[PDB]
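Scroll down for the structure; my scribbles are underneath it.
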Amino acid sequence: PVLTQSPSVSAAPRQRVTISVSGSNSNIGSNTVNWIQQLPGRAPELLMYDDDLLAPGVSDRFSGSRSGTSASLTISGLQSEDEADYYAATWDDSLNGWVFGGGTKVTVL
Amino acid sequence: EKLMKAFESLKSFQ
């Protein structure tokens, strides 16, 4: 994985969890970030795209942002159904293809 | 084409 993500994050219900990712100039620095959600046992789906825009059908509780070589995913009002692995994705101009984060697991309580 | 390109990144991912 060319993008650096923390392996896991935990929080209580209704709390705000922020999943960060940091890349470089050729990827996150000049291209827009996508977020991919994969629920336990389920196929992965598009969560967020173009840094801050929600995919069709996604909960409004998700928000996104990107500055410099970094980006972040923000889940608000953390619910049990958000318990999943989240992946940062963006284009890399140096590798001429898609690059991905390792993934951040979310665990609720 | 932002949304489409984003679906193509999922296709590449999975």
Side-chain angles (χ1 to χ4, degrees):
Chain A
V2 176
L3 307 174
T4 308
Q5 282 186 240
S6 203
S8 69
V9 68
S10 294
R14 296 182 313 278
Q15 291 308 120
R16 180 175 290 116
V17 292
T18 309
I19 298 156
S20 292
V21 59
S22 60
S24 56
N25 297 343
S26 64
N27 50 64
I28 302 183
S30 50
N31 302 283
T32 60
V33 172
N34 303 332
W35 290 98
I36 295 171
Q37 180 188 48
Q38 188 178 26
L39 307 181
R42 314 304 298 261
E45 330 286 4
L46 189 63
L47 188 78
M48 298 205 73
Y49 76 101
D50 190 20
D51 304 321
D52 50 45
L53 301 168
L54 298 160
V58 173
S59 174
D60 58 271
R61 300 192 288 103
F62 296 91
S63 48
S65 178
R66 167 181 75 116
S67 64
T69 52
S70 74
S72 60
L73 180 64
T74 299
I75 319 169
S76 280
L78 193 73
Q79 284 168 25
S80 193
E81 61 160 285
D82 300 325
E83 205 159 294
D85 295 43
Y86 297 83
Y87 301 87
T90 188
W91 188 268
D92 195 293
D93 288 356
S94 192
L95 298 161
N96 200 53
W98 296 112
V99 289
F100 308 101
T104 307
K105 199 177 180 73
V106 170
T107 292
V108 194
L109 283 149
Chain B
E1 288 181 64
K2 277 286 170 192
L3 181 56
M4 190 208 175
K5 200 188 181 180
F7 277 123
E8 292 166 58
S9 68
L10 184 89
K11 190 200 165 190
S12 175
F13 179 60
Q14 67 164 31

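Basis for what follows: all heavy atoms, side chains included, without hydrogens, waters or symmetry-related copies. A note on names: the letters A, B, ... follow the listed sequences, proteins ahead of strands, and every chain is numbered from 1.
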Heavy-atom side-chain contact between [X] and [Y] under 4.5 Å:
X: A:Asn34; Y: B:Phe13; value: no
X: A:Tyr87; Y: A:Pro1; value: no
X: A:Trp35; Y: A:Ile19; value: yes

What heavy-atom pair brings [X] and [Y] nearest, and what distance separates the two atoms?
X: A:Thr18; Y: A:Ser72; value: CG2-CB, 3.9 Å
X: A:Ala11; Y: A:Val17; value: CB-CG1, 3.3 Å
X: A:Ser22; Y: A:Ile28; value: C-CD1, 4.0 Å

Check: Is a side-chain N or O of B:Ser12 found less than 3.5 angstrom from the main chain of B:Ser9, in a donor-acceptor match?
Finding: no

So, taking the atom named [atom1] in [X] and the one named [atom2] in [Y], what distance separates them when rounded to the nearest 0.5 Å?
X: A:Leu73; Y: A:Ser65; atom1: CG; atom2: OG; answer: 10.5 Å
X: A:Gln15; Y: A:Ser76; atom1: CD; atom2: OG; answer: 10.0 Å
X: A:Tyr86; Y: A:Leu47; atom1: OH; atom2: CG; answer: 6.5 Å
X: B:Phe7; Y: B:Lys2; atom1: CZ; atom2: NZ; answer: 14.5 Å
X: A:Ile36; Y: A:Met48; atom1: CD1; atom2: CE; answer: 13.0 Å
X: A:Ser20; Y: A:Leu3; atom1: OG; atom2: CG; answer: 12.5 Å

Notebook entry, point to check: Should we say atom CZ of A:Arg61 is surrounded by more than 12 heavy atoms from elsewhere, each under 6.0 Å from it?
Noted result: yes

Item checked: A:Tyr49 reachable from A:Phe62 in the ILVMFWY side-chain graph, under 4.5 Å edges -> no

Item checked: Positive for side-chain hydrogen bond (donor to acceptor under 3.5 Å, both in side chains) with A:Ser26, one of A:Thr69, A:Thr90, A:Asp92, A:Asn96 -> A:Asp92

Item checked: A:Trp91 and A:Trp98 aromatic ring geometry - parallel, tilted or perpendicular at 30°/60° bounds -> perpendicular

Listed pairs under 3.5 Å, donor-acceptor, residues 50-58 of chain A side chains, sequence neighbours left out:
unit_1  : atom_1 : unit_2  : atom_2 : d
A:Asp51 : OD1    : A:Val33 : N      : 2.6
A:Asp51 : OD1    : A:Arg66 : NE     : 3.1
A:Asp51 : OD2    : A:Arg66 : NE     : 2.9
A:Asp51 : OD2    : A:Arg66 : NH2    : 3.4

Give the table of side-chain donor-acceptor pairs shorter than 3.5 Å for residues 101-109 of chain A, with sequence neighbours excluded, one pair per line with atom names and distance.
unit_1   : atom_1 : unit_2  : atom_2 : d
A:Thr104 : OG1    : A:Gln5  : NE2    : 3.0
A:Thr104 : OG1    : A:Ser6  : O      : 2.7
A:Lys105 : NZ     : A:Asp85 : OD1    : 3.4

Next item on the list: Would you list the pairs meeting salt bridge (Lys or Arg N to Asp or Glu O under 4.0 Å) in which at least one residue belongs to residues 5-14 of chain B, sequence neighbours left out?
Entry: none

